[PDB]
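Next up: just one chain, as structure tokens, the form deposited in one PDB entry.
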């Protein structure tokens, strides 16, 4: 619709399965717009480990956190999860775009409000829950949002235990030791591809 004026005012780039869409700490002067696919958002800790703050997808503005005050630079890594096509465009341009139309400012603004929410619940989650109850939370959230292939008795996921650990905050060998517990209990199913029965 309105978001139609934008799409054809930006570019279409190509990034394969693993390219790092944007890197931490590098003066933000352009916002991406995932056309097809899904990137993942991550910050890391001195010793090297990563944590997956979020999983953006098909139609989510990216790297916006700075279109509002020059002098800023990245705050997280974004590496394409699948095959992603990103709609590139500078901040200034995009800016003079808003003066033409307002509506388009009223879109991501939301996007960045829905995240401010979720993330609060991640702190709500990381501090009010022990790893078990957190893996349960994270499986549901992945049984939700797209890509979760339907299955006979529920939704199906495709994620590595090593990976769960990152969204959550625990170690490789607990995520998987928990999944077995859940497995045994009959809450889900497991095999490199888990089903959240």
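If you superpose the two forms and keep the largest set of C-alpha atoms that fall within 1.5 Å, you have the rigid core. Numbering follows the first chain given and starts at 1.
Comparing 10-18 with 180-188, the higher mean C-alpha B-factor in the PDB entry belongs to 10-18.
In this crystal structure, the stretch out of 147-155 and 127-135 whose C-alpha atoms carry the higher mean B factor is 147-155. Among 90, 111, 75, 119, the highest C-alpha B-factor in the deposited entry belongs to 90. Of the candidates 69, 163, 64, 50, it is 69 whose Cα B-factor is highest according to the PDB record. Annotation for residue 107: CA B-factor lies in the highest third of the chain's modelled residues. Among all modelled residues in this chain, the alpha-carbon of residue 79 has a temperature factor (C-alpha) in the middle third.
Placement of the Cα temperature factor of residue 28 within the chain: highest third of the modelled residues, per the deposited record.
Missing here is the form deposited in another entry; even so, the following discussion is about that form.
Once the rigid core is used as the reference frame, the Cα position of residue 169 differs between the shown form and the other one by less than 2 Å. The rigid-core alignment places the CA of residue 152 2 Å or more apart between the shown form and the other one. Core-superposed comparison between the shown form and the other one: CA of residue 22 displaced by less than 2 Å.
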